[PDB]
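Novice: This is final-v5.txt, which holds compact mmCIF, N, CA and C atoms:
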# COMPACT_ATOMS: atom_id res chain seq x y z
N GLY A 2 -17.57 4.35 6.17
CA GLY A 2 -18.99 4.62 6.09
C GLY A 2 -19.69 4.44 7.42
N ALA A 3 -19.18 3.52 8.23
CA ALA A 3 -19.77 3.25 9.54
C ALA A 3 -18.74 3.43 10.65
N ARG A 4 -19.20 3.38 11.90
CA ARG A 4 -18.32 3.53 13.05
C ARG A 4 -17.60 4.88 13.00
N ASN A 5 -16.81 5.16 14.04
CA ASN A 5 -16.07 6.41 14.12
C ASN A 5 -14.57 6.15 14.05
N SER A 6 -14.12 5.11 14.74
CA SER A 6 -12.70 4.76 14.76
C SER A 6 -12.46 3.42 14.07
N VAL A 7 -11.41 3.36 13.26
CA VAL A 7 -11.07 2.14 12.54
C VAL A 7 -9.94 1.39 13.23
N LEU A 8 -8.94 2.13 13.71
CA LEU A 8 -7.80 1.53 14.39
C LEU A 8 -8.26 0.72 15.60
N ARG A 9 -7.56 -0.38 15.87
CA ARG A 9 -7.90 -1.24 17.00
C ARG A 9 -7.08 -0.86 18.23
N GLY A 10 -7.27 -1.60 19.32
CA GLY A 10 -6.54 -1.33 20.54
C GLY A 10 -5.08 -1.73 20.45
N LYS A 11 -4.84 -3.00 20.17
CA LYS A 11 -3.48 -3.51 20.06
C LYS A 11 -2.80 -2.97 18.80
N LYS A 12 -3.53 -2.98 17.69
CA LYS A 12 -3.00 -2.49 16.43
C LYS A 12 -2.48 -1.06 16.57
N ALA A 13 -3.26 -0.22 17.23
CA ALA A 13 -2.88 1.17 17.44
C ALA A 13 -1.56 1.27 18.18
N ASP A 14 -1.37 0.40 19.16
CA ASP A 14 -0.14 0.39 19.95
C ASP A 14 1.08 0.21 19.06
N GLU A 15 0.87 -0.37 17.88
CA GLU A 15 1.95 -0.59 16.93
C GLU A 15 2.11 0.60 15.99
N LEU A 16 0.98 1.12 15.52
CA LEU A 16 0.99 2.26 14.61
C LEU A 16 1.51 3.51 15.30
N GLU A 17 0.96 3.80 16.48
CA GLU A 17 1.37 4.97 17.25
C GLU A 17 2.81 4.83 17.72
N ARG A 18 3.32 3.61 17.68
CA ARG A 18 4.69 3.34 18.11
C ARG A 18 5.68 3.64 16.99
N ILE A 19 5.29 3.34 15.76
CA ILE A 19 6.14 3.58 14.60
C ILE A 19 6.44 5.07 14.44
N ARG A 20 7.71 5.39 14.23
CA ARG A 20 8.13 6.77 14.06
C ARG A 20 8.26 7.12 12.59
N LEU A 21 7.80 8.32 12.22
CA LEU A 21 7.87 8.78 10.84
C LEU A 21 9.31 8.82 10.35
N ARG A 22 10.24 9.06 11.27
CA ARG A 22 11.66 9.13 10.93
C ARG A 22 12.46 8.13 11.75
N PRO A 23 13.66 7.79 11.26
CA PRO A 23 14.55 6.84 11.94
C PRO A 23 15.13 7.40 13.23
N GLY A 24 15.36 8.71 13.25
CA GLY A 24 15.91 9.35 14.43
C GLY A 24 15.13 10.59 14.84
N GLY A 25 13.87 10.65 14.42
CA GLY A 25 13.03 11.79 14.75
C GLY A 25 12.18 11.55 15.98
N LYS A 26 11.26 12.47 16.25
CA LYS A 26 10.37 12.35 17.40
C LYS A 26 8.91 12.33 16.97
N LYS A 27 8.69 12.35 15.66
CA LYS A 27 7.33 12.33 15.12
C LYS A 27 6.88 10.90 14.85
N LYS A 28 5.63 10.61 15.20
CA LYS A 28 5.07 9.28 14.99
C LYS A 28 3.84 9.33 14.09
N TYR A 29 3.45 8.18 13.55
CA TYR A 29 2.29 8.10 12.67
C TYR A 29 1.01 8.42 13.42
N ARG A 30 0.08 9.08 12.74
CA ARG A 30 -1.20 9.45 13.35
C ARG A 30 -2.31 9.46 12.31
N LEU A 31 -3.55 9.52 12.78
CA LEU A 31 -4.71 9.54 11.89
C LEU A 31 -4.54 10.60 10.81
N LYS A 32 -3.87 11.69 11.15
CA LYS A 32 -3.65 12.78 10.21
C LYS A 32 -3.03 12.26 8.92
N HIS A 33 -2.05 11.37 9.05
CA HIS A 33 -1.38 10.79 7.89
C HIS A 33 -2.32 9.86 7.13
N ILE A 34 -3.24 9.17 7.79
CA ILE A 34 -4.16 8.26 7.10
C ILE A 34 -5.15 9.04 6.24
N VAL A 35 -5.64 10.15 6.78
CA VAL A 35 -6.60 10.99 6.06
C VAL A 35 -6.02 11.47 4.73
N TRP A 36 -4.88 12.15 4.80
CA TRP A 36 -4.22 12.66 3.60
C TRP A 36 -3.98 11.54 2.60
N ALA A 37 -3.80 10.32 3.10
CA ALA A 37 -3.56 9.17 2.24
C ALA A 37 -4.86 8.68 1.60
N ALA A 38 -5.91 8.58 2.41
CA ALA A 38 -7.21 8.13 1.92
C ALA A 38 -7.77 9.09 0.87
N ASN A 39 -7.75 10.38 1.19
CA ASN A 39 -8.25 11.40 0.27
C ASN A 39 -7.61 11.25 -1.11
N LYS A 40 -6.34 10.86 -1.12
CA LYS A 40 -5.61 10.68 -2.37
C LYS A 40 -6.18 9.51 -3.17
N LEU A 41 -6.44 8.40 -2.48
CA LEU A 41 -6.99 7.21 -3.13
C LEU A 41 -8.33 7.52 -3.78
N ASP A 42 -9.10 8.40 -3.16
CA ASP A 42 -10.41 8.78 -3.69
C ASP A 42 -10.27 9.51 -5.02
N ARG A 43 -9.46 10.57 -5.02
CA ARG A 43 -9.25 11.36 -6.23
C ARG A 43 -8.53 10.54 -7.29
N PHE A 44 -7.48 9.83 -6.88
CA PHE A 44 -6.71 9.00 -7.80
C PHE A 44 -7.62 8.07 -8.59
N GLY A 45 -8.49 7.35 -7.88
CA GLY A 45 -9.41 6.44 -8.53
C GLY A 45 -9.52 5.11 -7.80
N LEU A 46 -8.73 4.95 -6.75
CA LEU A 46 -8.74 3.72 -5.96
C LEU A 46 -9.72 3.84 -4.79
N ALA A 47 -9.96 2.72 -4.11
CA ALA A 47 -10.87 2.70 -2.98
C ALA A 47 -10.14 3.05 -1.68
N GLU A 48 -10.90 3.35 -0.64
CA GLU A 48 -10.33 3.70 0.65
C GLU A 48 -10.33 2.50 1.60
N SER A 49 -11.27 1.59 1.38
CA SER A 49 -11.39 0.40 2.21
C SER A 49 -10.16 -0.50 2.05
N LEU A 50 -9.38 -0.24 1.00
CA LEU A 50 -8.19 -1.03 0.73
C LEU A 50 -7.08 -0.70 1.73
N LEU A 51 -7.25 0.40 2.45
CA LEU A 51 -6.27 0.82 3.45
C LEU A 51 -6.40 -0.01 4.72
N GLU A 52 -7.45 -0.83 4.78
CA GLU A 52 -7.68 -1.67 5.95
C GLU A 52 -7.69 -3.15 5.55
N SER A 53 -6.98 -3.47 4.48
CA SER A 53 -6.90 -4.85 4.00
C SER A 53 -5.58 -5.10 3.28
N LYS A 54 -4.88 -6.14 3.70
CA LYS A 54 -3.60 -6.50 3.10
C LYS A 54 -3.73 -6.61 1.58
N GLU A 55 -4.73 -7.35 1.13
CA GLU A 55 -4.96 -7.53 -0.30
C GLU A 55 -5.24 -6.19 -0.98
N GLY A 56 -5.90 -5.29 -0.26
CA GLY A 56 -6.22 -3.99 -0.81
C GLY A 56 -5.00 -3.10 -0.93
N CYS A 57 -4.27 -2.96 0.17
CA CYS A 57 -3.07 -2.12 0.19
C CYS A 57 -2.08 -2.56 -0.88
N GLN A 58 -2.04 -3.87 -1.14
CA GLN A 58 -1.14 -4.41 -2.15
C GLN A 58 -1.50 -3.90 -3.54
N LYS A 59 -2.79 -3.76 -3.80
CA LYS A 59 -3.27 -3.28 -5.09
C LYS A 59 -2.94 -1.80 -5.27
N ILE A 60 -2.80 -1.09 -4.16
CA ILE A 60 -2.48 0.34 -4.20
C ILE A 60 -0.99 0.57 -4.42
N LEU A 61 -0.17 -0.21 -3.71
CA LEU A 61 1.28 -0.09 -3.84
C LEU A 61 1.73 -0.32 -5.28
N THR A 62 1.05 -1.23 -5.96
CA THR A 62 1.37 -1.54 -7.35
C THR A 62 1.12 -0.35 -8.26
N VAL A 63 0.20 0.52 -7.84
CA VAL A 63 -0.13 1.71 -8.62
C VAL A 63 0.84 2.85 -8.32
N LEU A 64 1.16 3.03 -7.05
CA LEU A 64 2.08 4.08 -6.63
C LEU A 64 3.53 3.69 -6.93
N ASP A 65 3.75 2.40 -7.17
CA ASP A 65 5.08 1.90 -7.47
C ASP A 65 5.70 2.65 -8.64
N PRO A 66 5.04 2.57 -9.81
CA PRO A 66 5.51 3.24 -11.03
C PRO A 66 5.37 4.76 -10.95
N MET A 67 4.62 5.22 -9.95
CA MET A 67 4.41 6.66 -9.76
C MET A 67 5.66 7.32 -9.20
N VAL A 68 6.51 6.52 -8.55
CA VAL A 68 7.74 7.04 -7.96
C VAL A 68 8.61 7.71 -9.01
N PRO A 69 8.98 6.95 -10.06
CA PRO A 69 9.81 7.46 -11.15
C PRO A 69 9.07 8.47 -12.02
N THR A 70 7.82 8.74 -11.67
CA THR A 70 7.00 9.69 -12.42
C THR A 70 6.23 10.61 -11.49
N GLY A 71 6.84 10.94 -10.35
CA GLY A 71 6.19 11.81 -9.39
C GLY A 71 7.18 12.64 -8.60
N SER A 72 6.67 13.41 -7.64
CA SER A 72 7.52 14.26 -6.81
C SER A 72 7.40 13.87 -5.33
N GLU A 73 7.96 14.71 -4.46
CA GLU A 73 7.92 14.45 -3.03
C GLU A 73 6.48 14.23 -2.56
N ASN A 74 5.57 15.06 -3.05
CA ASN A 74 4.16 14.96 -2.68
C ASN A 74 3.61 13.57 -3.01
N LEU A 75 4.28 12.89 -3.93
CA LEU A 75 3.86 11.55 -4.34
C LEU A 75 4.60 10.48 -3.54
N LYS A 76 5.91 10.65 -3.41
CA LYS A 76 6.74 9.70 -2.67
C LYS A 76 6.23 9.54 -1.24
N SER A 77 5.75 10.64 -0.66
CA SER A 77 5.23 10.62 0.70
C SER A 77 4.14 9.56 0.85
N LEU A 78 3.22 9.53 -0.11
CA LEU A 78 2.12 8.57 -0.09
C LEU A 78 2.64 7.14 -0.20
N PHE A 79 3.53 6.91 -1.16
CA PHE A 79 4.10 5.59 -1.38
C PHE A 79 4.77 5.07 -0.11
N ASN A 80 5.43 5.97 0.61
CA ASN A 80 6.12 5.61 1.85
C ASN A 80 5.12 5.40 2.98
N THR A 81 3.90 5.90 2.79
CA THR A 81 2.85 5.76 3.79
C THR A 81 2.05 4.48 3.58
N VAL A 82 1.82 4.13 2.32
CA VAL A 82 1.07 2.93 1.99
C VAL A 82 1.86 1.67 2.34
N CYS A 83 3.18 1.78 2.27
CA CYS A 83 4.06 0.65 2.58
C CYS A 83 3.99 0.30 4.06
N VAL A 84 3.60 1.28 4.87
CA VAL A 84 3.50 1.07 6.31
C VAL A 84 2.18 0.41 6.68
N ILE A 85 1.12 0.80 5.99
CA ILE A 85 -0.21 0.25 6.25
C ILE A 85 -0.25 -1.24 5.93
N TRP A 86 0.23 -1.60 4.75
CA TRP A 86 0.25 -3.00 4.33
C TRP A 86 0.92 -3.88 5.38
N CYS A 87 2.08 -3.45 5.86
CA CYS A 87 2.81 -4.20 6.87
C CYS A 87 1.91 -4.55 8.05
N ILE A 88 1.24 -3.53 8.59
CA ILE A 88 0.34 -3.73 9.72
C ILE A 88 -0.64 -4.87 9.45
N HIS A 89 -1.07 -4.99 8.20
CA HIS A 89 -2.01 -6.04 7.82
C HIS A 89 -1.29 -7.37 7.63
N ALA A 90 -0.05 -7.39 7.16
CA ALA A 90 0.68 -8.64 6.97
C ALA A 90 1.34 -9.09 8.26
N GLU A 91 1.01 -8.42 9.36
CA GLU A 91 1.57 -8.75 10.66
C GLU A 91 3.08 -8.57 10.67
N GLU A 92 3.52 -7.37 10.31
CA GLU A 92 4.95 -7.06 10.27
C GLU A 92 5.29 -5.96 11.27
N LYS A 93 6.24 -6.25 12.16
CA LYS A 93 6.67 -5.29 13.17
C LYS A 93 7.87 -4.49 12.69
N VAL A 94 7.73 -3.16 12.70
CA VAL A 94 8.80 -2.28 12.26
C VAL A 94 9.18 -1.29 13.36
N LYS A 95 10.01 -0.31 13.01
CA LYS A 95 10.44 0.70 13.96
C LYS A 95 10.27 2.10 13.38
N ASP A 96 10.80 2.31 12.18
CA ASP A 96 10.70 3.60 11.52
C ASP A 96 10.24 3.44 10.07
N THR A 97 9.66 4.50 9.51
CA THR A 97 9.18 4.47 8.14
C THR A 97 10.20 3.82 7.21
N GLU A 98 11.47 4.07 7.48
CA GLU A 98 12.55 3.51 6.66
C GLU A 98 12.56 1.98 6.76
N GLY A 99 12.53 1.47 7.99
CA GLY A 99 12.54 0.04 8.19
C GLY A 99 11.35 -0.65 7.57
N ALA A 100 10.20 0.02 7.61
CA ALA A 100 8.97 -0.53 7.05
C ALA A 100 9.04 -0.58 5.53
N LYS A 101 9.67 0.43 4.94
CA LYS A 101 9.81 0.51 3.49
C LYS A 101 10.65 -0.65 2.96
N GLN A 102 11.65 -1.05 3.73
CA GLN A 102 12.53 -2.15 3.34
C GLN A 102 11.77 -3.48 3.36
N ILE A 103 11.12 -3.77 4.48
CA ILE A 103 10.37 -5.01 4.62
C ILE A 103 9.43 -5.22 3.44
N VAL A 104 8.82 -4.13 2.97
CA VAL A 104 7.90 -4.19 1.85
C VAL A 104 8.65 -4.40 0.54
N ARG A 105 9.70 -3.61 0.32
CA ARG A 105 10.50 -3.72 -0.89
C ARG A 105 10.97 -5.15 -1.11
N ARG A 106 11.60 -5.72 -0.09
CA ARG A 106 12.10 -7.09 -0.17
C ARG A 106 10.99 -8.05 -0.60
N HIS A 107 9.79 -7.83 -0.08
CA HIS A 107 8.65 -8.67 -0.41
C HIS A 107 8.22 -8.47 -1.86
N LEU A 108 8.53 -7.33 -2.49
CA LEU A 108 8.14 -7.09 -3.87
C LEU A 108 9.15 -7.70 -4.83
N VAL A 109 10.43 -7.46 -4.57
CA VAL A 109 11.50 -7.98 -5.41
C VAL A 109 11.43 -9.50 -5.51
N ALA A 110 10.94 -10.13 -4.44
CA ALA A 110 10.82 -11.58 -4.40
C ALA A 110 9.73 -12.07 -5.36
N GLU A 111 8.66 -11.29 -5.48
CA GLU A 111 7.56 -11.64 -6.36
C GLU A 111 7.88 -11.29 -7.81
N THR A 112 8.73 -10.28 -7.99
CA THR A 112 9.13 -9.85 -9.32
C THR A 112 10.44 -10.49 -9.75
N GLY A 113 10.70 -11.69 -9.23
CA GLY A 113 11.92 -12.39 -9.57
C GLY A 113 11.67 -13.82 -10.02
N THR A 114 10.47 -14.07 -10.54
CA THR A 114 10.11 -15.40 -11.01
C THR A 114 9.69 -15.38 -12.47
N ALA A 115 10.34 -14.53 -13.26
CA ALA A 115 10.04 -14.41 -14.68
C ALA A 115 11.02 -15.22 -15.52
N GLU A 116 11.58 -16.27 -14.92
CA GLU A 116 12.53 -17.13 -15.61
C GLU A 116 11.85 -18.39 -16.13
N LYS A 117 10.57 -18.28 -16.46
CA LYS A 117 9.80 -19.41 -16.96
C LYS A 117 8.46 -18.96 -17.52
N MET A 118 7.83 -18.01 -16.84
CA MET A 118 6.54 -17.48 -17.27
C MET A 118 5.53 -18.61 -17.46
N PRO A 119 5.09 -19.21 -16.34
CA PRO A 119 4.12 -20.30 -16.36
C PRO A 119 2.73 -19.84 -16.77
N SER A 120 1.85 -20.79 -17.06
CA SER A 120 0.49 -20.48 -17.47
C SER A 120 -0.36 -20.07 -16.26
N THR A 121 -0.32 -18.79 -15.92
CA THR A 121 -1.08 -18.27 -14.80
C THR A 121 -2.27 -17.46 -15.27
N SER A 122 -2.01 -16.43 -16.07
CA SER A 122 -3.06 -15.56 -16.58
C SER A 122 -3.85 -16.27 -17.68
N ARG A 123 -5.17 -16.36 -17.49
CA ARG A 123 -6.04 -17.02 -18.46
C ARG A 123 -5.93 -16.35 -19.82
N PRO A 124 -6.08 -17.15 -20.89
CA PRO A 124 -6.00 -16.65 -22.27
C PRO A 124 -7.20 -15.79 -22.64
N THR A 125 -7.11 -15.12 -23.78
CA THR A 125 -8.18 -14.25 -24.25
C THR A 125 -9.47 -15.04 -24.46
N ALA A 126 -10.59 -14.46 -24.05
CA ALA A 126 -11.89 -15.11 -24.20
C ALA A 126 -12.19 -15.41 -25.66
N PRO A 127 -12.86 -16.54 -25.91
CA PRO A 127 -13.22 -16.97 -27.26
C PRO A 127 -14.30 -16.08 -27.88
N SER A 128 -13.86 -15.01 -28.54
CA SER A 128 -14.79 -14.08 -29.18
C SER A 128 -15.06 -14.49 -30.62
N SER A 129 -16.32 -14.79 -30.92
CA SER A 129 -16.72 -15.20 -32.26
C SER A 129 -17.30 -14.02 -33.04
N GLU A 130 -16.47 -13.39 -33.86
CA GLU A 130 -16.90 -12.25 -34.65
C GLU A 130 -17.35 -12.69 -36.04
N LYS A 131 -18.66 -12.70 -36.26
CA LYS A 131 -19.22 -13.11 -37.54
C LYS A 131 -20.32 -12.15 -37.98
N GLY A 132 -20.09 -11.45 -39.08
CA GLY A 132 -21.07 -10.50 -39.59
C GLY A 132 -20.69 -9.06 -39.32
N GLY A 133 -21.65 -8.28 -38.83
CA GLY A 133 -21.39 -6.88 -38.54
C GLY A 133 -22.48 -6.25 -37.71
N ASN A 134 -22.84 -5.01 -38.04
CA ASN A 134 -23.88 -4.29 -37.32
C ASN A 134 -25.26 -4.64 -37.87
N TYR A 135 -26.29 -4.42 -37.05
CA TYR A 135 -27.66 -4.70 -37.46
C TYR A 135 -28.51 -3.44 -37.41
Go ahead and render the structure in this file as structure tokens.

Specialist:
Amino acid sequence: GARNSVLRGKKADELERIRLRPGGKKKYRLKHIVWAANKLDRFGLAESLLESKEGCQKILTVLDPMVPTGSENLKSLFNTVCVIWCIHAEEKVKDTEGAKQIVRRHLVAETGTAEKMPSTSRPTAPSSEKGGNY
């Protein structure tokens, strides 16, 4: 909504350094961010989440299940969001592939603590239903 450029000086040096492929010559650019942001808008998510670790994490969780229920046009985004989050979590990568791994490992670790199911999520609110319509 404000300013013209979002990428920083040092941060950019890392993004522009990352290559779209492991052995290719193409690197990440604003072009890829746009196509990604536009998707979040139509999909139903926010765009400001692309500039926040906590935000990008909320997006990956949505595109996660979209993999087994989407096509290349979808996988591309998922592989793009995994790169943005890293930049926010202070993770140095080399190629889209390497970045995808760093993220995956971080997810499997969080989805591997269901051997107890502790009291984390608050219970249903105390709804007192008495009577009917007026």

Novice: Atom CA of residue A:48 and atom CA of residue A:14, how far apart in Å?

Specialist: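 These atoms are spaced 22.1 Å apart.
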
Novice: Enumerate, as a PDB file with N, CA and C atoms, in the coordinates of the input, the protein, DNA and RNA residues whose atoms approach (4.7, 4.4, 9.7) to within 8 Å, taking into account only N, CA and C atoms and the coordinate frame of the file.

Specialist:
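Final output, out.pdb:
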ATOM      1  N   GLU A  15       0.870  -0.370  17.880  1.00  0.00           N
ATOM      2  CA  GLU A  15       1.950  -0.590  16.930  1.00  0.00           C
ATOM      3  C   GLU A  15       2.110   0.600  15.990  1.00  0.00           C
ATOM      4  N   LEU A  16       0.980   1.120  15.520  1.00  0.00           N
ATOM      5  CA  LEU A  16       0.990   2.260  14.610  1.00  0.00           C
ATOM      6  C   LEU A  16       1.510   3.510  15.300  1.00  0.00           C
ATOM      7  N   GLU A  17       0.960   3.800  16.480  1.00  0.00           N
ATOM      8  CA  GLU A  17       1.370   4.970  17.250  1.00  0.00           C
ATOM      9  C   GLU A  17       2.810   4.830  17.720  1.00  0.00           C
ATOM     10  N   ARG A  18       3.320   3.610  17.680  1.00  0.00           N
ATOM     11  CA  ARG A  18       4.690   3.340  18.110  1.00  0.00           C
ATOM     12  C   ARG A  18       5.680   3.640  16.990  1.00  0.00           C
ATOM     13  N   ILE A  19       5.290   3.340  15.760  1.00  0.00           N
ATOM     14  CA  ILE A  19       6.140   3.580  14.600  1.00  0.00           C
ATOM     15  C   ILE A  19       6.440   5.070  14.440  1.00  0.00           C
ATOM     16  N   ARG A  20       7.710   5.390  14.230  1.00  0.00           N
ATOM     17  CA  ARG A  20       8.130   6.770  14.060  1.00  0.00           C
ATOM     18  C   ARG A  20       8.260   7.120  12.590  1.00  0.00           C
ATOM     19  N   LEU A  21       7.800   8.320  12.220  1.00  0.00           N
ATOM     20  CA  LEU A  21       7.870   8.780  10.840  1.00  0.00           C
ATOM     21  C   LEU A  21       9.310   8.820  10.350  1.00  0.00           C
ATOM     22  N   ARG A  22      10.240   9.060  11.270  1.00  0.00           N
ATOM     23  CA  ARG A  22      11.660   9.130  10.930  1.00  0.00           C
ATOM     24  C   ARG A  22      12.460   8.130  11.750  1.00  0.00           C
ATOM     25  N   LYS A  28       5.630  10.610  15.200  1.00  0.00           N
ATOM     26  CA  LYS A  28       5.070   9.280  14.990  1.00  0.00           C
ATOM     27  C   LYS A  28       3.840   9.330  14.090  1.00  0.00           C
ATOM     28  N   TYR A  29       3.450   8.180  13.550  1.00  0.00           N
ATOM     29  CA  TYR A  29       2.290   8.100  12.670  1.00  0.00           C
ATOM     30  C   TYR A  29       1.010   8.420  13.420  1.00  0.00           C
ATOM     31  N   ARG A  30       0.080   9.080  12.740  1.00  0.00           N
ATOM     32  CA  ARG A  30      -1.200   9.450  13.350  1.00  0.00           C
ATOM     33  C   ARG A  30      -2.310   9.460  12.310  1.00  0.00           C
ATOM     34  N   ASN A  80       5.430   5.970   0.610  1.00  0.00           N
ATOM     35  CA  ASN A  80       6.120   5.610   1.850  1.00  0.00           C
ATOM     36  C   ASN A  80       5.120   5.400   2.980  1.00  0.00           C
ATOM     37  N   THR A  81       3.900   5.900   2.790  1.00  0.00           N
ATOM     38  CA  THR A  81       2.850   5.760   3.790  1.00  0.00           C
ATOM     39  C   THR A  81       2.050   4.480   3.580  1.00  0.00           C
ATOM     40  N   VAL A  82       1.820   4.130   2.320  1.00  0.00           N
ATOM     41  CA  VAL A  82       1.070   2.930   1.990  1.00  0.00           C
ATOM     42  C   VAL A  82       1.860   1.670   2.340  1.00  0.00           C
ATOM     43  N   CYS A  83       3.180   1.780   2.270  1.00  0.00           N
ATOM     44  CA  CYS A  83       4.060   0.650   2.580  1.00  0.00           C
ATOM     45  C   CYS A  83       3.990   0.300   4.060  1.00  0.00           C
ATOM     46  N   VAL A  84       3.600   1.280   4.870  1.00  0.00           N
ATOM     47  CA  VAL A  84       3.500   1.070   6.310  1.00  0.00           C
ATOM     48  C   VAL A  84       2.180   0.410   6.680  1.00  0.00           C
ATOM     49  N   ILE A  85       1.120   0.800   5.990  1.00  0.00           N
ATOM     50  CA  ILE A  85      -0.210   0.250   6.250  1.00  0.00           C
ATOM     51  C   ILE A  85      -0.250  -1.240   5.930  1.00  0.00           C
ATOM     52  N   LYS A  95      10.010  -0.310  13.010  1.00  0.00           N
ATOM     53  CA  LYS A  95      10.440   0.700  13.960  1.00  0.00           C
ATOM     54  C   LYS A  95      10.270   2.100  13.380  1.00  0.00           C
ATOM     55  N   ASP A  96      10.800   2.310  12.180  1.00  0.00           N
ATOM     56  CA  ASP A  96      10.700   3.600  11.520  1.00  0.00           C
ATOM     57  C   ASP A  96      10.240   3.440  10.070  1.00  0.00           C
ATOM     58  N   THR A  97       9.660   4.500   9.510  1.00  0.00           N
ATOM     59  CA  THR A  97       9.180   4.470   8.140  1.00  0.00           C
ATOM     60  C   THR A  97      10.200   3.820   7.210  1.00  0.00           C
ATOM     61  N   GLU A  98      11.470   4.070   7.480  1.00  0.00           N
ATOM     62  CA  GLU A  98      12.550   3.510   6.660  1.00  0.00           C
ATOM     63  C   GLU A  98      12.560   1.980   6.760  1.00  0.00           C
ATOM     64  N   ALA A 100      10.200   0.020   7.610  1.00  0.00           N
ATOM     65  CA  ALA A 100       8.970  -0.530   7.050  1.00  0.00           C
ATOM     66  C   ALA A 100       9.040  -0.580   5.530  1.00  0.00           C
ATOM     67  N   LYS A 101       9.670   0.430   4.940  1.00  0.00           N
ATOM     68  CA  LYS A 101       9.810   0.510   3.490  1.00  0.00           C
ATOM     69  C   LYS A 101      10.650  -0.650   2.960  1.00  0.00           C
TER      70      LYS A 101
END

Novice: Just the number, please: distance in Å from atom CA of residue A:38 to atom CA of residue A:51, one decimal.

Specialist: 7.5 Å

Novice: Name the closest residue to residue A:89 among the candidates A:102, A:114, A:121, A:53; distances are taken between atoms, counting all atoms listed in the file.

Specialist: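 Closest to residue A:89, using all atoms listed in the file: A:53.
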
Novice: Mind giving me the straight-line distance from atom CA of residue A:10 to atom CA of residue A:49 in Å, one decimal?

Specialist: 19.0 Å

Novice: Give the alpha helix (DSSP H) residues of chain A, as DSSP finds them on the backbone, and put them as a ChimeraX atom specification.

Specialist: /A:10-16,31-44,54-64,73-90,97-111

Novice: Write out as a PyMOL selection string each polymer residue whose atoms come within 10 Å of residue A:52, counting only C-alpha atoms; drop sequence neighbours fewer than 5 positions from it.

Specialist: chain A and resi 7-8+57+85-86+88-89

Novice: What's the 8 Å shell around residue A:87, counting all atoms listed in the file, without same-chain residues fewer than 6 positions away, as a PyMOL selection string?

Specialist: chain A and resi 54+57+93-94+100+103-104
